[PDB]
Amino acid sequence: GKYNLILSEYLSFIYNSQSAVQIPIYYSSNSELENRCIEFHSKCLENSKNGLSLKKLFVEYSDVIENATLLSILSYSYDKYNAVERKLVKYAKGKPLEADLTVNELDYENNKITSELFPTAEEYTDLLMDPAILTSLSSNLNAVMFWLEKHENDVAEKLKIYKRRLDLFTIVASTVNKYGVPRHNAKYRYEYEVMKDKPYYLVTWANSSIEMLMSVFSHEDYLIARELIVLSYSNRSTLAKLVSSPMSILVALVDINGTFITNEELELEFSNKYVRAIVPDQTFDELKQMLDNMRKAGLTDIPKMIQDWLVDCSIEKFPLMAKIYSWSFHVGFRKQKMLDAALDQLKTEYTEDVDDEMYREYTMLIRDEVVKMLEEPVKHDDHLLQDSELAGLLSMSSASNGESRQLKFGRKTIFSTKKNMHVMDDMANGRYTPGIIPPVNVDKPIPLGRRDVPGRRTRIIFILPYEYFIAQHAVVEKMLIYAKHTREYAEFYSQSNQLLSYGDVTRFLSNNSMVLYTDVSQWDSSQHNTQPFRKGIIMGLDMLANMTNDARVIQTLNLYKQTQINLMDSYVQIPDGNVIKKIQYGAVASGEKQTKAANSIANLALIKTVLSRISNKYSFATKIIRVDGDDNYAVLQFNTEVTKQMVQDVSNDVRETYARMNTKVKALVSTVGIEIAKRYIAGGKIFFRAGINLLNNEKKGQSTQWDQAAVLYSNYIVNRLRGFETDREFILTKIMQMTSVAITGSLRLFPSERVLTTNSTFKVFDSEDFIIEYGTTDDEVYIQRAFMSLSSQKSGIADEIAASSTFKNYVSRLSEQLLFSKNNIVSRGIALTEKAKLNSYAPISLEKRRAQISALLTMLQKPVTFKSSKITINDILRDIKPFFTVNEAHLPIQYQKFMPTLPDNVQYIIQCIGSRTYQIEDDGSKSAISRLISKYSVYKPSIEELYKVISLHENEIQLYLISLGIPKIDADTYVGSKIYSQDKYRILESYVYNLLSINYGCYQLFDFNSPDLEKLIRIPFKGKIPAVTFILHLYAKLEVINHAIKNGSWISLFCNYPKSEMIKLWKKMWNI
Amino acid sequence: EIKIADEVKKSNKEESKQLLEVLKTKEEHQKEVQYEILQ
Amino acid sequence: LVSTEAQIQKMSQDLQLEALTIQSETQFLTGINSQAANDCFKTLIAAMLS
Amino acid sequence: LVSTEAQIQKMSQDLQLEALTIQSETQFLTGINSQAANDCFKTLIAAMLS
Amino acid sequence: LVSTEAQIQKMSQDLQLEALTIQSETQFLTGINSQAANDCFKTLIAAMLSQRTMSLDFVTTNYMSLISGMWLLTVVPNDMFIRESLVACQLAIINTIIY
RNA sequence: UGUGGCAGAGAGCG
RNA sequence: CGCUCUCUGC
């Protein structure tokens, strides 16, 4: 309830004119007050529409000011062009900045003038520095200047923040004012004709610098920001890659004193174990060279902080490192060219000096792993291998990007890259031919996509046809669904938390063992991911083919095999001007159904093969190896105690034993820590990388101005929890500026906190961070009922595509691969399901969402609507709340910190109740009926459809099950058992279980099975209504936790809930 | 359907609301079993 | 008279009138109001007199 | 005859029906309608005559 | 004291209620709170000292009232209560707990 | 009407 | 379970 005051001050500051007028609009769920709001509205518009002073009425209608709820504020203000400079000249009295063109290796990666690199606009491209966000730099500057203006009279630590950010913003505004501000077009692009006389990389530098200086709260933050902002203006290729590299060594220097553990059964369990840090001597010399590069690039204060920290190697000063490790990735992306980014990967050194003893074992281990994965389904003759074709055609992801193509649906032309639409096209013209796999050769090389991420290389993406997916689908699904019952993969270690993705950095650590951890992200072009990998899988397929007798399965397996045959020789379309290059690349990357598990397999075989060579010089027992695609760590335990020389020699042996296979590596051995791209542990404490650029994006999505405010707030929340903290007021300023909409050149509307923070399809943020909010009042109920009525909208483009011939044909062809006695129950169902993935096509989503926003605006302008009773969640919570009773409590501190970078209130909760004892309610459609259909088919009929289908007679249900391949005897047994009344109740239990509101970012981490939280929740037991008592206890926990987060103190609760309200609520439970 | 003493419907005592909603539950469940058979 | 609502809730309290399982016990509550009590009291006596 | 629904309440009362628990007495209430009973009564005599 | 809420947790986990039943045990839980235990503790002593007689008001549908009335009638002499009140209490106890 | 993906998990819509 | 977003190995 504070946002709106900052909104008012922002409006007053930005416009400032006599002509700038401000027009509230209100609402109330109470008839009389609502009609008085209507009145107020009318009279205000009239008075505005009559050149009368508006300031007189504002006293008379005090009632609206006290009890009504705000929606929005309108604004009539004229063009007033160029006001940014007219404000900004004062905050720019320092000296501007000069680039240094002789820093980056390439020529165009320097921050030189555009015209020196792009004389013609026809060859200009903003894609090498595109912020890719529908908000301007001028917007960012306006926000910064307003913040600076309002914080112009404070005298505290706040003033030290203001002086620091003022000096930084002076450096920035000095750099911009040297030339001026670029002006956005309607699309938020920056054309050639504005950037012609300015540096090419000024905008990204500006945005990133704003993001950094808005995240300054201390002196060391100021040092970091001044030392990165002045070098990120020139260096754009060797900065985040440089400073983020030493961290991998630093983790091997932090003594553990107190630890968190994880079980095989995936539960945290703290340990007071102490572990030293047996670091060798030569890695310090490496680290010094890295700091020498750091100083040689032009960094002075931040080497000083890393060198004076090593005098003590304490863990209390250590979050600084983590802080630094996050300050590197908030400088922007290194959006270089498709060509040179591919050539970062497409440099190869293949040699006739490697072993053969290694590759043969490698091939065999891959073979064996494949057989372990595939023994059960290949043998027991599973439907999904038999019906692999249909399985892949249902699971066609509708963003999949195979080969842009000119289509026509009746009377249109479409340039879709989506493979579902391509399949719809190819079914009609007789070209659908999944058994005949296309080649990938000179006659048909592959396109590319570009994956950028700061501090690392630009990675590449294959863009394949749609036959390869269909071939790979069934086998890879059985592989995943097997190996998540098994070690060595992220599918087994993943839900949200600690006790997961790693969960065994910290069992097998002491002064007996070590751990070798290794980044393997460059190992895609390597000589060990070519021929042996493919031939190993091919051999395994031969074994598995001889391990079955049915013929569709042999066909599917032979097609997967032939896919690996064709992918063994693979060329790559890349244009360059007029001519087209195609390069020999017979190796592995993503853009495939297979890449994750197969890379994990190959790395597993590789590390298992390497690890049988250290045994020639050491005695150890391998306790654990873990592989998640392109990373790997192995722990190993010894017959004796560890030394510095053994770690060093082991590292050299690892490096040279990879060198024997012509494989580059930075071998890293340690005792307490690891480092990988996204996270790391030091001293038995998990930190994380907070490298999510807010004001600069990777690529250009398809969302609106609106939703980008929500993504930016989500990234803010994440980065804040991770450690990187930005000023929340700035984020709110951006949200209002991005939800602002131009109805004309001079009319502009601004919504309020009570529209953006309400649970709907229009939610953007929350009134109190780290807490979703619900509604006990009339008013949230009112607007939620209103907005739920409006979420359901239409798309004429979708309507005409779904009314064409190819869509009908597609449903029919899907159908005819199965039985032919259901025509109005599933064909409509499959069409309704395909509709859920036609919306991926951007113009459909844009039509629907622009229509949705227009429907919103035609009740933001004029008064509001009651929406006719359509029930939602807050209706229920409104009835649950008035039988609670609070009392002040006092919990002690008995739980350990193991995520230091969190805010102190969240940590205080962790420091008073426990971290996660994880639970499960359903691992997907478990109840009675989908685990039969998923055994005889793959089809996934929606629970709406089942809730209807069970309500029908038992005859056409019997027909429907027989139509899905099932025999008659099991249907007869199902009807005789009388389970349909049970699966009504199980399905409605599953409907209440669909409430996903346990995992938003702060509820993600808290343990609700705690005894300390539970003794506060004194709700007596009634019985025979499990859903209600479940949700009541859950909701009471959420009340306690949210009060704790927002206020720190604790409370107890009590709900002597009447039986009458249990029953009155029971019918609204299992609806909506 | 229901032949309660309708003066009792006035009361916001717990037992009265309990009785009303329980009687509605019995009648709606009777309709559930009748729909179950008769389909 | 004894109160109608007090007597109704007392009887339903004694009987354990469930909501889920059917019973032969809802039907005891049919016609427990006053204005029938007086009707019976006036009917028996009027009939025996006449 | 008795109407069907008046008898359905009695059969449900003697066969006390928990909504959740599948006691099989639902099957006892299957096919109780009128004009199936006339069908049987005609069928038996017509067959034993024919 | 024991808090009202934890005592109700113990009693409710004992009684094993039913949210879909018209039970003869929800009425035990009426008025268990403090500020009344205080009131009774204060009233008994004040009345026995001042020798002011004191009536009773109770609902025969509740049966913990009559069970605590047993203790009450034991530790307080009968003549301290007005006649019809304890007669109703004794009659209730004898009719629906004992015979 | 000019186009940047595979799978894991967490939210928001059916 | 169908789609957008968050990052994740790519």
# chains A, B, ... in the order shown; residues from 1 in each chain; ligands from 1

$ interface_residues --of "chain E" --to "chain B" --cutoff "12 Å" --atoms "only C-alpha atoms" --output "NGL selection string"
:E and (19-24 or 26-27 or 30)

$ write_last_selection --atoms "C-alpha atoms" --output "compact mmCIF listing (two decimals), in the first residue's frame"
# COMPACT_ATOMS: atom_id res chain seq x y z
CA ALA E 19 -17.38 -33.35 10.61
CA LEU E 20 -20.35 -35.17 8.98
CA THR E 21 -22.26 -36.16 12.10
CA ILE E 22 -24.59 -34.60 14.69
CA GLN E 23 -22.49 -35.63 17.67
CA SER E 24 -23.09 -35.68 21.43
CA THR E 26 -19.00 -31.09 20.38
CA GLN E 27 -20.96 -29.49 23.24
CA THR E 30 -18.33 -24.95 24.84

$ calpha_fit_rmsd --fixed "chain D" --moving "chain C"
0.6 Å

$ interface_residues --of "chain D" --to "chain A" --cutoff "9 Å" --atoms "only C-alpha atoms" --output "ChimeraX atom specification"
/D:19-22,24

$ residues_around --residues "segment 33-40 of chain E" --least-positions-apart "6" --cutoff "12 Å" --atoms "only C-alpha atoms (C1' of nucleotides)" --output "JSON list (two decimals) with N, CA and C atoms, in the first residue's frame"
[["chain", "number", "residue", "atom", "x", "y", "z"],
["E", 1, "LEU", "N", -1.56, -21.01, 33.46],
["E", 1, "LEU", "CA", -2.52, -22.01, 33.07],
["E", 1, "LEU", "C", -2.03, -22.77, 31.85],
["E", 2, "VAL", "N", -2.72, -23.87, 31.55],
["E", 2, "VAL", "CA", -2.68, -24.42, 30.21],
["E", 2, "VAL", "C", -3.46, -23.48, 29.31],
["E", 3, "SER", "N", -2.95, -23.24, 28.11],
["E", 3, "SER", "CA", -3.70, -22.41, 27.18],
["E", 3, "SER", "C", -4.97, -23.13, 26.75],
["E", 4, "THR", "N", -5.96, -22.33, 26.35],
["E", 4, "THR", "CA", -7.23, -22.88, 25.86],
["E", 4, "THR", "C", -7.01, -23.76, 24.64],
["E", 5, "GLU", "N", -6.12, -23.33, 23.75],
["E", 5, "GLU", "CA", -5.99, -23.97, 22.45],
["E", 5, "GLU", "C", -5.30, -25.33, 22.56],
["E", 6, "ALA", "N", -4.25, -25.45, 23.37],
["E", 6, "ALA", "CA", -3.56, -26.73, 23.48],
["E", 6, "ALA", "C", -4.41, -27.75, 24.21],
["E", 7, "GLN", "N", -5.18, -27.29, 25.19],
["E", 7, "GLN", "CA", -6.12, -28.17, 25.87],
["E", 7, "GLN", "C", -7.18, -28.67, 24.91],
["E", 8, "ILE", "N", -7.65, -27.80, 24.02],
["E", 8, "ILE", "CA", -8.63, -28.24, 23.03],
["E", 8, "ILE", "C", -8.00, -29.20, 22.04],
["E", 46, "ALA", "N", -15.72, -16.37, 46.85],
["E", 46, "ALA", "CA", -16.45, -15.18, 47.26],
["E", 46, "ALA", "C", -17.81, -15.51, 47.85],
["E", 47, "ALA", "N", -18.51, -16.46, 47.24],
["E", 47, "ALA", "CA", -19.84, -16.79, 47.71],
["E", 47, "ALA", "C", -19.80, -17.58, 49.01],
["E", 54, "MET", "N", -26.06, -19.41, 45.51],
["E", 54, "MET", "CA", -25.77, -19.32, 44.10],
["E", 54, "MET", "C", -26.44, -20.45, 43.35],
["E", 56, "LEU", "N", -27.54, -22.43, 39.53],
["E", 56, "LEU", "CA", -26.84, -23.05, 38.42],
["E", 56, "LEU", "C", -27.65, -22.80, 37.16],
["E", 72, "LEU", "N", -18.02, -30.63, 41.75],
["E", 72, "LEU", "CA", -18.53, -29.40, 42.36],
["E", 72, "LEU", "C", -19.41, -29.72, 43.56]]

$ interface_residues --of "chain B" --to "chain C" --cutoff "10 Å" --atoms "only C-alpha atoms" --output "VMD selection string"
chain B and resid 2 to 9 11 13 to 16 18 to 19 21 to 27 29 to 30

$ interface_residues --of "chain A" --to "chain B" --cutoff "9 Å" --atoms "only C-alpha atoms" --output "ChimeraX atom specification"
/A:951-954,1058-1061,1063-1064

$ atom_distance --atom1 "atom CA of residue 387 of chain A" --atom2 "atom CA of residue 819 of chain A"
13.3 Å

$ residues_around --residues "residue 223 of chain A" --least-positions-apart "2" --cutoff "12 Å" --atoms "only C-alpha atoms (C1' of nucleotides)" --output "PyMOL selection string"
chain A and resi 164-165+167-168+212-213+216-221+225-230+299-305+324+327

$ select_by_dssp --residues "segment 13-49 of chain E" --states "alpha helix (DSSP H)" --output "ChimeraX atom specification"
/E:13-15,37-49

$ residues_around --residues "residue 5 of chain G" --least-positions-apart "6" --cutoff "10 Å" --atoms "only C-alpha atoms (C1' of nucleotides)" --output "PyMOL selection string"
(chain A and resi 701+703+707-708+710-711+714) or (chain F and resi 11-12)

$ write_last_selection --atoms "N, CA and C atoms (P, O5', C5', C4', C3', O3' and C1' of nucleotides)" --output "PDB file, in the first residue's frame"
ATOM      1  N   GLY A 701      11.770 -12.082 -27.225  1.00  0.00           N
ATOM      2  CA  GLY A 701      10.648 -12.974 -27.042  1.00  0.00           C
ATOM      3  C   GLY A 701       9.476 -12.540 -27.891  1.00  0.00           C
ATOM      4  N   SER A 703       6.309 -11.836 -25.781  1.00  0.00           N
ATOM      5  CA  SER A 703       5.477 -11.215 -24.786  1.00  0.00           C
ATOM      6  C   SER A 703       5.324  -9.712 -25.014  1.00  0.00           C
ATOM      7  N   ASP A 707       4.041  -8.279 -19.583  1.00  0.00           N
ATOM      8  CA  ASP A 707       4.619  -9.490 -19.003  1.00  0.00           C
ATOM      9  C   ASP A 707       6.109  -9.349 -18.749  1.00  0.00           C
ATOM     10  N   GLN A 708       6.794  -8.498 -19.520  1.00  0.00           N
ATOM     11  CA  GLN A 708       8.209  -8.266 -19.267  1.00  0.00           C
ATOM     12  C   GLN A 708       8.428  -7.617 -17.904  1.00  0.00           C
ATOM     13  N   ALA A 710       6.616  -8.518 -15.277  1.00  0.00           N
ATOM     14  CA  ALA A 710       6.568  -9.703 -14.424  1.00  0.00           C
ATOM     15  C   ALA A 710       7.839 -10.546 -14.474  1.00  0.00           C
ATOM     16  N   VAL A 711       8.401 -10.777 -15.670  1.00  0.00           N
ATOM     17  CA  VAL A 711       9.656 -11.537 -15.759  1.00  0.00           C
ATOM     18  C   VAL A 711      10.769 -10.786 -15.047  1.00  0.00           C
ATOM     19  N   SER A 714      10.349 -11.274 -11.410  1.00  0.00           N
ATOM     20  CA  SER A 714      10.731 -12.625 -11.009  1.00  0.00           C
ATOM     21  C   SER A 714      12.243 -12.764 -10.948  1.00  0.00           C
TER      22      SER A 714
ATOM     23  P     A F  11       5.201 -25.217  -8.541  1.00  0.00           P
ATOM     24  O5'   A F  11       5.225 -23.624  -8.427  1.00  0.00           O
ATOM     25  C5'   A F  11       4.090 -22.856  -8.798  1.00  0.00           C
ATOM     26  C4'   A F  11       4.453 -21.494  -9.327  1.00  0.00           C
ATOM     27  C3'   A F  11       3.371 -20.811 -10.152  1.00  0.00           C
ATOM     28  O3'   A F  11       2.447 -20.108  -9.343  1.00  0.00           O
ATOM     29  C1'   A F  11       5.438 -20.725 -11.311  1.00  0.00           C
ATOM     30  P     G F  12       0.872 -20.378  -9.487  1.00  0.00           P
ATOM     31  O5'   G F  12       0.509 -19.734 -10.900  1.00  0.00           O
ATOM     32  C5'   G F  12       0.482 -18.325 -11.062  1.00  0.00           C
ATOM     33  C4'   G F  12       0.216 -17.916 -12.489  1.00  0.00           C
ATOM     34  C3'   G F  12      -0.930 -18.617 -13.199  1.00  0.00           C
ATOM     35  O3'   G F  12      -2.199 -18.088 -12.861  1.00  0.00           O
ATOM     36  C1'   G F  12       0.953 -18.555 -14.617  1.00  0.00           C
TER      37        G F  12
END

$ atom_distance --atom1 "atom CA of residue 854 of chain A" --atom2 "atom CA of residue 836 of chain A"
22.3 Å

$ atom_distance --atom1 "atom CA of residue 312 of chain A" --atom2 "atom CA of residue 286 of chain A"
19.5 Å

$ decode --residues "segment 3-39 of chain D" --atoms "N, CA and C atoms" --output "compact mmCIF listing (two decimals), in the first residue's frame"
# COMPACT_ATOMS: atom_id res chain seq x y z
N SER D 3 -44.86 -46.44 -6.17
CA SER D 3 -43.98 -45.72 -7.06
C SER D 3 -42.55 -46.18 -6.85
N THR D 4 -41.70 -45.93 -7.85
CA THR D 4 -40.33 -46.42 -7.75
C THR D 4 -39.54 -45.66 -6.70
N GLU D 5 -39.66 -44.33 -6.67
CA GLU D 5 -38.77 -43.53 -5.83
C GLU D 5 -39.07 -43.72 -4.35
N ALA D 6 -40.35 -43.91 -4.00
CA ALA D 6 -40.73 -44.18 -2.62
C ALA D 6 -40.11 -45.46 -2.12
N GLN D 7 -40.02 -46.46 -3.00
CA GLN D 7 -39.34 -47.70 -2.68
C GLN D 7 -37.83 -47.55 -2.73
N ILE D 8 -37.30 -46.65 -3.56
CA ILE D 8 -35.86 -46.47 -3.63
C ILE D 8 -35.35 -45.88 -2.32
N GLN D 9 -36.11 -44.97 -1.71
CA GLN D 9 -35.70 -44.46 -0.40
C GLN D 9 -35.68 -45.56 0.65
N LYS D 10 -36.68 -46.45 0.63
CA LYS D 10 -36.70 -47.54 1.61
C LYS D 10 -35.55 -48.52 1.39
N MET D 11 -35.30 -48.87 0.13
CA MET D 11 -34.22 -49.81 -0.17
C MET D 11 -32.87 -49.19 0.18
N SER D 12 -32.73 -47.89 -0.05
CA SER D 12 -31.52 -47.20 0.36
C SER D 12 -31.39 -47.15 1.87
N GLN D 13 -32.51 -47.03 2.59
CA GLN D 13 -32.46 -46.97 4.04
C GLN D 13 -32.03 -48.30 4.64
N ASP D 14 -32.61 -49.39 4.17
CA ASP D 14 -32.18 -50.70 4.65
C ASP D 14 -30.75 -51.05 4.23
N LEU D 15 -30.23 -50.43 3.17
CA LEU D 15 -28.95 -50.77 2.55
C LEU D 15 -28.02 -49.57 2.66
N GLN D 16 -27.87 -49.03 3.88
CA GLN D 16 -27.35 -47.70 4.19
C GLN D 16 -26.09 -47.29 3.44
N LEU D 17 -26.20 -46.29 2.57
CA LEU D 17 -25.25 -46.08 1.48
C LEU D 17 -24.27 -44.98 1.85
N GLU D 18 -23.04 -45.38 2.16
CA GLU D 18 -21.94 -44.44 2.28
C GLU D 18 -21.55 -43.97 0.89
N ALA D 19 -21.42 -42.65 0.73
CA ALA D 19 -21.06 -42.10 -0.57
C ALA D 19 -19.66 -42.51 -0.97
N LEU D 20 -18.72 -42.46 -0.02
CA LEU D 20 -17.34 -42.79 -0.34
C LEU D 20 -17.17 -44.29 -0.52
N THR D 21 -17.45 -45.06 0.53
CA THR D 21 -17.15 -46.48 0.53
C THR D 21 -18.05 -47.23 -0.43
N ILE D 22 -17.43 -48.07 -1.27
CA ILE D 22 -18.18 -48.88 -2.24
C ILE D 22 -18.52 -50.18 -1.51
N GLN D 23 -19.60 -50.14 -0.76
CA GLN D 23 -20.32 -51.36 -0.43
C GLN D 23 -21.20 -51.68 -1.63
N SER D 24 -21.28 -52.96 -1.98
CA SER D 24 -21.81 -53.37 -3.28
C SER D 24 -23.33 -53.30 -3.39
N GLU D 25 -24.04 -52.83 -2.37
CA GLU D 25 -25.50 -52.82 -2.34
C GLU D 25 -26.11 -51.84 -3.33
N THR D 26 -25.32 -50.93 -3.90
CA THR D 26 -25.72 -50.19 -5.10
C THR D 26 -26.24 -51.12 -6.19
N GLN D 27 -25.56 -52.26 -6.38
CA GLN D 27 -25.98 -53.24 -7.36
C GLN D 27 -27.35 -53.83 -7.02
N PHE D 28 -27.74 -53.85 -5.74
CA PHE D 28 -29.08 -54.34 -5.42
C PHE D 28 -30.16 -53.40 -5.95
N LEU D 29 -29.86 -52.10 -6.10
CA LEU D 29 -30.83 -51.13 -6.60
C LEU D 29 -30.85 -51.04 -8.12
N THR D 30 -30.21 -51.96 -8.83
CA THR D 30 -30.07 -51.87 -10.28
C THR D 30 -31.27 -52.50 -10.99
N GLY D 31 -31.83 -51.78 -11.95
CA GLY D 31 -32.96 -52.28 -12.72
C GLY D 31 -34.28 -52.41 -12.01
N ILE D 32 -34.58 -51.51 -11.06
CA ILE D 32 -35.77 -51.62 -10.22
C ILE D 32 -37.01 -50.93 -10.84
N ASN D 33 -36.88 -50.30 -12.01
CA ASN D 33 -37.93 -49.46 -12.61
C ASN D 33 -39.23 -50.23 -12.87
N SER D 34 -40.29 -49.48 -13.14
CA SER D 34 -41.50 -50.04 -13.72
C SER D 34 -41.33 -50.26 -15.21
N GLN D 35 -42.17 -51.16 -15.74
CA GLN D 35 -42.26 -51.64 -17.12
C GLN D 35 -41.14 -52.61 -17.51
N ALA D 36 -40.15 -52.82 -16.65
CA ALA D 36 -39.39 -54.06 -16.64
C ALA D 36 -40.10 -55.15 -15.86
N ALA D 37 -40.82 -54.78 -14.81
CA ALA D 37 -41.56 -55.77 -14.03
C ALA D 37 -42.73 -56.34 -14.80
N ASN D 38 -43.43 -55.49 -15.56
CA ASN D 38 -44.48 -55.98 -16.44
C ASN D 38 -43.90 -56.88 -17.52
N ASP D 39 -42.70 -56.56 -18.00
CA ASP D 39 -42.04 -57.36 -19.02
C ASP D 39 -41.77 -58.77 -18.50
